[PDB]
Structures are given as structure tokens and as C-alpha cells.
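> The structure under discussion is supplied below as C-alpha cells; questions concerning it will follow.
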Amino acid sequence: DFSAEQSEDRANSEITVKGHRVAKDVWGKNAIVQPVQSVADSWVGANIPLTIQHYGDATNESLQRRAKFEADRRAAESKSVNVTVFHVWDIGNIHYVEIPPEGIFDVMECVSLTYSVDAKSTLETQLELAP
Amino acid sequence: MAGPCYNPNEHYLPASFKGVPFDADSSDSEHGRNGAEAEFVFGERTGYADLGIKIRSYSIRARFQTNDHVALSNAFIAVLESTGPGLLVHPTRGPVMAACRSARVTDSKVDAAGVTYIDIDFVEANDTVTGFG
């Protein structure tokens with residue numbers, strides 16, 4: 001069995017971050033207004049702006065890393081898949097998939113794994129792939 | 001049975017319920033015991049566990065042939081509907097306490113006029129105190 005999905009309610013084309021600096025001696029315009037950075041996905045073809053606040057010591061490198069983390073989370077959440085593979089290695093692996101009816105021909109990284117058994121012989125296993 | 005010297009009037013008790021006699025025509029019962037059988041996965045051995053006794057149940061059938069059977073039959077239904085359980089003299093199981101659970105009265109005017117059948121379905125009912133023990 002399988003169930004693909006593509007939800008637009010969990011994507012954003014442009015994410016913005018903000019946050020002050022807390023270094024030994026930084027203040028004024030260099031620690032209040034200066035630290036701003038923007039990162040964009042470019043896969044979504046619409047305008048869905050988002051803005052985030054940073055909880056920490058803002059640095060221009062750290063601003064993008066937080067931005068990328070959100071991008072990977074949103075991207076994965078917008079292509080969740082489920083599969084059942086009957087008979088019963090690890091998560092995060094790399095697999096190839098083929099579902100021509102919807103046209104899946106892309107590499108995937110498994111995000112979850114589950115082994116289930118029953119007294120009536122019903123073995124199964126589930127996956128939560130995402131690219 | 002064995003031998004020609006049987007006397008059914010001597011081996012079967014006369015039925016009754018709450019003291020009103022009636023003519024019995026059949027006698028069944030159901031007993032048993034509650035199990036918890038379990039079978040594991042990939043295993044060649046099984047298990048079992050006892051959980052207690054199962055509630056009994058009795059079913060009887062009555063026939064009314066005498067003159068004016070409608071009054072006796074109609075008057076007997078007024079006893080099965082009386083509130084609460086009462087003593088029952090099962091033809092073979094002896095005196096037990098039971099409560100009527102259902103009763104279907106069959107009758108016809110052209111197919112069979114002059115005889116009324118009534119099936120019953122009893123359940124064992126032992127009195128219990130109200131303070132949950």
C-alpha cells in the first residue's frame with residue numbers, strides 16, 4: 001500500500017530571520033538592525049512570506065543555518081509518503097522508489113520505521129519516506 | 001431407555017413456576033466454563049487459563065389441550081410477566097431459581113384450533129446483596 005501527498009499549507013517561498021547580537025562588545029546599529037538575513041526555497045512558485053525570530057546570539061552564518069533547518073523541515077513535510085512492505089535496515093537510509101501512476105522516480109530518505117506482528121501471522125512494516 | 005418397564009411419570013418431575021403448575025413438553029439446558037485460550041507467534045505450543053463458571057440457561061415448551069385453553073394460557077402469561085425471579089421446578093434438573101427472559105405464544109384458528117403452544121427461555125438468577133459484597 002502507499003499514500004503520497006503534497007500540501008501547500010506547509011510551504012513558504014521566502015523565510016526571514018531577525019535577532020540581536022550578544023558578543024563581548026557589540027551594540028548600536030551593528031547589534032540591533034544589522035543582523036538580518038533572508039533565504040528562499042524557489043521550489044514553490046507562489047508568494048507566501050514568513051518571518052521568524054532568533055533565540056540566541058545572532059550571527060550572519062547562524063541566521064542562514066536556522067533558515068535552512070526550517071526549509072528542510074517544511075520541504076519534507078510537504079511530500080510525506082507511506083508504504084507497507086509485508087515481510088520484515090535502518091532509518092535515514094537511501095532508497096529508490098517507483099510509482100509510475102503518480103510518477104515517483106526520485107531518491108528518498110526514510111524518516112521512520114515500524115515493525116508490527118500479530119498472533120494471526122500478520123507481519124508488516126511501514127515507512128515514512130521523504131526527499 | 002432400556003427394557004420395557006419404564007414409567008415416565010415416575011422419572012420426570014412435574015413442572016411449575018412460582019407455584020402455578022403447567023404441563024411441560026421439552027427440557028433443555030446449557031452449561032460450560034469460561035476459558036482464555038491463547039496462542040503465541042512462531043510457537044509450537046499453546047496455553048489455557050480458567051476464568052470461572054458460565055451462567056446456565058433453560059428452555060421449556062408447554063402445551064395446553066384441555067377445554068378452554070385460552071383462559072389457562074392467557075392466565076399463565078400474567079405470571080411470567082410478574083416482577084422478579086421465582087422458584088422453577090425443572091422437569092429433570094430439579095428445583096432451581098430462574099427469571100423468564102422471553103416467551104413466544106403460537107396459535108391459529110384454522111390450521112390448529114384447540115391447542116396452544118408457548119416456548120420459554122429461562123435464566124439462572126441467584127440473589128445478591130445491594131452493597132456489591
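We label chains A, B, ... in the order they appear in the C-alpha cells, count residues from 1 in each chain, and number ligands from 1 in the order shown.
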With only C-alpha atoms considered, list every residue of chain A at most 9 Å from chain B, as a ChimeraX atom specification.

/A:117-121

> I need the chosen residues saved as an mmCIF file, in the first residue's frame, with N, CA and C atoms.


data_model
loop_
_atom_site.group_PDB
_atom_site.id
_atom_site.type_symbol
_atom_site.label_atom_id
_atom_site.label_comp_id
_atom_site.auth_asym_id
_atom_site.auth_seq_id
_atom_site.Cartn_x
_atom_site.Cartn_y
_atom_site.Cartn_z
ATOM 1 N N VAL A 117 3.733 -7.152 14.551
ATOM 2 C CA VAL A 117 3.437 -8.574 14.472
ATOM 3 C C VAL A 117 2.066 -8.806 15.095
ATOM 4 N N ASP A 118 1.509 -9.989 14.841
ATOM 5 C CA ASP A 118 0.213 -10.347 15.395
ATOM 6 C C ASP A 118 0.149 -11.854 15.598
ATOM 7 N N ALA A 119 -0.760 -12.271 16.483
ATOM 8 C CA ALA A 119 -0.940 -13.693 16.749
ATOM 9 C C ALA A 119 -1.469 -14.431 15.529
ATOM 10 N N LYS A 120 -2.142 -13.724 14.620
ATOM 11 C CA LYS A 120 -2.704 -14.324 13.416
ATOM 12 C C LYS A 120 -1.776 -14.197 12.214
ATOM 13 N N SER A 121 -0.464 -14.184 12.444
ATOM 14 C CA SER A 121 0.603 -14.269 11.455
ATOM 15 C C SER A 121 0.806 -12.961 10.691
#

> Please return as a PyMOL selection string: the residues of chain A that backbone DSSP assigns to alpha helix (DSSP H).

chain A and resi 60-77

> So which residues of chain A fall under strand (DSSP E) by DSSP, listed as JSON, numbers by chain?

{"A": [14, 15, 16, 17, 18, 36, 37, 38, 39, 40, 50, 51, 52, 53, 83, 84, 94, 95, 96, 107, 108, 109, 113, 114, 115, 116, 124, 125, 126, 127]}

> Which residues are close to residue A:97, i.e. within 7 Å by only C-alpha atoms, leaving aside same-chain residues fewer than 3 positions away? Reply as an MDAnalysis selection string.

chainID A and resid 104:107

> Could the residues in this selection be saved with N, CA, C and O atoms as a PDB file, in the first residue's frame?


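selection.pdb, freshly written:
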ATOM      1  N   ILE A 104       6.647   8.802  -9.348  1.00  0.00           N
ATOM      2  CA  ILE A 104       7.783   8.896  -8.436  1.00  0.00           C
ATOM      3  C   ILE A 104       8.963   8.175  -9.071  1.00  0.00           C
ATOM      4  O   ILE A 104       8.902   6.969  -9.332  1.00  0.00           O
ATOM      5  N   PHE A 105      10.038   8.919  -9.333  1.00  0.00           N
ATOM      6  CA  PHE A 105      11.275   8.356  -9.858  1.00  0.00           C
ATOM      7  C   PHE A 105      12.482   8.979  -9.171  1.00  0.00           C
ATOM      8  O   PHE A 105      13.550   9.108  -9.779  1.00  0.00           O
ATOM      9  N   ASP A 106      12.333   9.367  -7.908  1.00  0.00           N
ATOM     10  CA  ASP A 106      13.325  10.161  -7.204  1.00  0.00           C
ATOM     11  C   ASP A 106      13.827   9.421  -5.972  1.00  0.00           C
ATOM     12  O   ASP A 106      13.103   8.629  -5.362  1.00  0.00           O
ATOM     13  N   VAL A 107      15.086   9.692  -5.618  1.00  0.00           N
ATOM     14  CA  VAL A 107      15.671   9.099  -4.426  1.00  0.00           C
ATOM     15  C   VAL A 107      14.951   9.615  -3.183  1.00  0.00           C
ATOM     16  O   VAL A 107      14.469  10.753  -3.140  1.00  0.00           O
TER      17      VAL A 107
END

> What lies within 9 Å of stretch 63-71 of chain A using only C-alpha atoms, ignoring chain neighbours under 2 positions off, as an mmCIF file with C-alpha atoms, in the first residue's frame?


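Saved to around_30.cif:
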data_model
loop_
_atom_site.group_PDB
_atom_site.id
_atom_site.type_symbol
_atom_site.label_atom_id
_atom_site.label_comp_id
_atom_site.auth_asym_id
_atom_site.auth_seq_id
_atom_site.Cartn_x
_atom_site.Cartn_y
_atom_site.Cartn_z
ATOM 1 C CA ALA A 11 5.390 25.746 2.469
ATOM 2 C CA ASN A 12 6.887 29.224 2.182
ATOM 3 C CA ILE A 15 11.685 32.998 5.083
ATOM 4 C CA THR A 16 13.145 35.900 7.073
ATOM 5 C CA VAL A 17 15.033 35.879 10.381
ATOM 6 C CA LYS A 18 15.867 38.524 12.977
ATOM 7 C CA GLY A 19 17.923 38.635 16.153
ATOM 8 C CA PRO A 35 21.714 41.224 11.709
ATOM 9 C CA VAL A 36 19.044 40.312 9.154
ATOM 10 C CA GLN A 37 19.208 37.574 6.524
ATOM 11 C CA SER A 38 16.763 36.080 4.026
ATOM 12 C CA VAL A 39 16.670 32.615 2.450
ATOM 13 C CA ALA A 40 14.296 31.358 -0.246
ATOM 14 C CA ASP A 41 13.254 27.889 -1.390
ATOM 15 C CA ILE A 52 10.970 34.236 12.300
ATOM 16 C CA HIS A 54 16.009 34.040 16.569
ATOM 17 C CA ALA A 58 22.537 36.187 16.157
ATOM 18 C CA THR A 59 25.344 35.672 13.650
ATOM 19 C CA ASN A 60 25.045 36.056 9.888
ATOM 20 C CA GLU A 61 26.157 32.436 9.465
ATOM 21 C CA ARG A 73 11.519 20.667 7.693
ATOM 22 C CA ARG A 74 8.910 22.394 5.520
ATOM 23 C CA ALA A 75 10.097 20.638 2.356
ATOM 24 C CA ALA A 76 9.924 17.192 3.963
#

> Any idea what the distance is between atom CA of residue B:36 and atom CA of residue B:49?

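Separation between atom CA of residue B:36 and atom CA of residue B:49: 5.2 Å.
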
> Looking at only C-alpha atoms, which of B:133, B:95, B:114, B:19 is the one that sits closest to residue B:80?

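Ranked by minimum distance to residue B:80, first place goes to B:19.
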
> Write out as a list in words the residues lying within 9 Å of residue B:90, counting only C-alpha atoms and excluding same-chain residues fewer than 6 positions away.

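Result of the neighbour search: residues 13, 14, 15, 16, 17, 27, 58, 60 and 96 of chain B.
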
> Write out as a compact mmCIF listing (two decimals) with N, CA and C atoms, in the first residue's frame each polymer residue whose atoms come within 10 Å of residue A:108, counting only C-alpha atoms; drop sequence neighbours fewer than 4 positions from it.


# COMPACT_ATOMS: atom_id res chain seq x y z
N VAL A 81 5.25 10.43 2.55
CA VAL A 81 4.81 9.21 1.89
C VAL A 81 4.70 8.12 2.94
N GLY A 92 16.94 6.81 7.93
CA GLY A 92 17.86 7.71 7.28
C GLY A 92 18.55 7.12 6.07
N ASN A 93 18.24 5.88 5.70
CA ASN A 93 18.89 5.23 4.57
C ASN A 93 18.48 5.91 3.27
N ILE A 94 19.04 5.42 2.17
CA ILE A 94 18.75 5.92 0.83
C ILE A 94 18.14 4.78 0.02
N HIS A 95 16.94 5.00 -0.50
CA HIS A 95 16.23 4.03 -1.31
C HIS A 95 15.84 4.64 -2.65
N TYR A 96 15.57 3.78 -3.61
CA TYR A 96 14.93 4.17 -4.86
C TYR A 96 13.48 3.68 -4.84
N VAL A 97 12.59 4.49 -5.41
CA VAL A 97 11.17 4.17 -5.46
C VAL A 97 10.68 4.31 -6.89
N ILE A 104 6.65 8.80 -9.35
CA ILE A 104 7.78 8.90 -8.44
C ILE A 104 8.96 8.17 -9.07
N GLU A 128 8.11 6.08 6.21
CA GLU A 128 7.61 7.45 6.13
C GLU A 128 8.58 8.28 5.28
N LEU A 129 8.89 7.77 4.09
CA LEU A 129 9.90 8.37 3.22
C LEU A 129 9.65 9.85 2.98
N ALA A 130 10.69 10.56 2.53
CA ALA A 130 10.60 11.96 2.14
C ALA A 130 11.87 12.34 1.40
N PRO A 131 11.80 13.19 0.36
CA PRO A 131 13.01 13.56 -0.36
C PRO A 131 13.70 14.79 0.22
